[PDB]
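Q: First the structure, which I've put down as structure tokens, then a few questions once you've had a look.
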Amino acid sequence: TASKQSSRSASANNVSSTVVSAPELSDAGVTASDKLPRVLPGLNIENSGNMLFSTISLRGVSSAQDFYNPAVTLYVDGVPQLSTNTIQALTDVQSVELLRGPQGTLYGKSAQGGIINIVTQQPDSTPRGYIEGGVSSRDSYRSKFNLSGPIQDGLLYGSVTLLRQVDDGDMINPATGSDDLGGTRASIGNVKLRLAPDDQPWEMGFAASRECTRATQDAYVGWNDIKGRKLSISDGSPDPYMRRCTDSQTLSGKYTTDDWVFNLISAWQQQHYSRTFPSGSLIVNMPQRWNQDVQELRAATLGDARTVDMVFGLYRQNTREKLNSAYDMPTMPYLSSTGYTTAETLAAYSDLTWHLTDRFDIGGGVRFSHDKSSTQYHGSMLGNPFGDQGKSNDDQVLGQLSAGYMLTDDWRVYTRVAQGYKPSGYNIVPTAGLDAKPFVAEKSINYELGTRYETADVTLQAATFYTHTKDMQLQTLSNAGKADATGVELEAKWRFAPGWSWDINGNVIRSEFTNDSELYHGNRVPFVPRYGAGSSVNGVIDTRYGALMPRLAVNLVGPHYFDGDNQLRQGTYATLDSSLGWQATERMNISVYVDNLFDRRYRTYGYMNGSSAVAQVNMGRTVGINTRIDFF
């Protein structure tokens, strides 16, 4: 379904995936990307410094030192997002689908842990709309209006969503005495046009959007002062402040035949954010501009029964980025810079499945890919002019292989050999002194053995796996690293009564650098909890006053480190979330929710500034009230 091909294919079934629907996202309070862990087992997302840089990790594959190229990439309707826009608000999602294991063949670069794929909802002939509106701790609120439906029935349909989410923090800046820092405040707009003539084989889409988030958060607290609120900012320093604006435009296209379906895509995305924050005696100021565009074109064979399922594709993605840095002492400059740097890619790919028996299929795909790249920077450190330029190119060939025997009618066993990668290319930030030689591609490769058992009332899914990453990109950005992640996952779901379900999940992973690694040899790979497990019951009691729907959810995250040197460890924590919905009237549902009930604190991220360990910390417990009237 986000395998880009048939429901029956190798890639759809010989893979550990999880899909979460729009109502489930609300029930768990997933109002933004970075809360998907609540519903996607094995996924860990945290800010590394702030919003713009995630430390997304999955199956013990991670970022690790380089935050402009993640191991999991977020695609929205198949369109890759900018790395700096991965943590975004969810505005009108129908579902989110997660594919675990490398996905280099079907999706491409930065697809080593997996991919997350948001499927936005298309307006159709049925009129549909709603209001959703909350208020929470720390003077946080949230407000969403959505309206969709026919503009000229049988021809043109449309939708509009407006969102204002503010999820505020309560941190303090000694220097100024502001006491509302640490949070984010986004305003977002989003329109869709769909042109689906009533008796024709083709559609066309158009989407526009505009997000503007402000965040105050490039600030840390003492590494052993987690419950505290006073940020480590020396007097004189101002508050930190960033503000990003992303504009996106997608242009879709579809065409159905008896035997084949051809999609065309062409997206655009332009970001520019200001970012400035104090760090120690310095004030850092690092605004940036992005400008990517992707066009994809692909044929695929619907539907079954067929002995050969196929997909073919032609992808092309061009990104341009520009950075200005300015690190500054009170009395004089320390460093300044300015760097354009770009990456383009053409890629053909194909993925085949062969159903030999009724119960046995063998599948495999290959992706050819020609990457280009090109930095150009100049700067001045401690008054010493530097700067270089450089073009480059390279081409890779990733591939998959899978096999699945159906033990019974609804219990299959599969096997996989997949292959992810981050491309060769140039360091995004200028470095003084070292001349610009492009680093070579990181190269992951996973072997997976797993099973799935699907009844009407029960889904069970478990897998075992080993990934080997090499030439890992890890001042400088060169490739000097090797890692081995191996572990086991279990996800299971059971509708014991009607209206009720019970989720459970757990994973145990060991991900370490190899003994022959040029760096951190032997150490645990950062941001990868040793083990993690969670569970959550939710159902529908029924009453004279209207249906009540209570949810209870627990999550346990094992010990992990933030650095290669393994000097900065978090160590285990768990959190209990809960909520109670109430269908007061037939169209209006009010609910109250406290999540992290026991105000447990823990560290989101850390790094060592000189000799002092500093850490960012979780906000704590939030209680809130959230109501949704829906239209028509």
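Lettering and numbering for the structure tokens are positional, with chains as A, B, ... in the shown order, residues counted from 1 in each chain, and ligands counted from 1 in the shown order.
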Apply DSSP to the structure's backbone, then extract all residues of segment 331-528 of chain A labelled strand (DSSP E) and return them as a ChimeraX atom specification.
A: /A:333-355,360-381,384-408,411-418,421-422,442-454,458-470,482-494,501-513
Q: Using backbone DSSP assignments, extract all alpha helix (DSSP H) residues from segment 12-214 of chain A; output them as number ranges by chain.
A: A: 12-13, 22-27
Q: Could you list, as a PyMOL selection string, every residue within 8 Å of residue 60 of chain A, counting only C-alpha atoms and ignoring same-chain residues fewer than 3 positions away?
A: chain A and resi 57+113+485-486+509-511+525+528-529
Q: Between A:384, A:237, A:271, A:246, which has the minimum distance to residue 284 of chain A (counting only C-alpha atoms)?
A: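 With only C-alpha atoms as the atom set, the closest residue is A:237.
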Q: Can you write out as a tab-separated table which residues of segment 273-317 of chain A fall within 8 Å of segment 249-267 of chain A, alongside each residue's closest atom pair and its distance in Å to one decimal, counting only C-alpha atoms and ordering rows by chain and ascending residue number?
A:
```
residue	atom	partner	partner_atom	distance
A:293	CA	A:267	CA	5.5
A:294	CA	A:267	CA	5.3
A:295	CA	A:266	CA	4.2
A:296	CA	A:265	CA	5.1
A:297	CA	A:264	CA	4.4
A:298	CA	A:263	CA	5.5
A:299	CA	A:262	CA	4.4
A:300	CA	A:261	CA	5.5
A:301	CA	A:260	CA	4.4
A:302	CA	A:260	CA	5.4
A:303	CA	A:259	CA	6.9
```
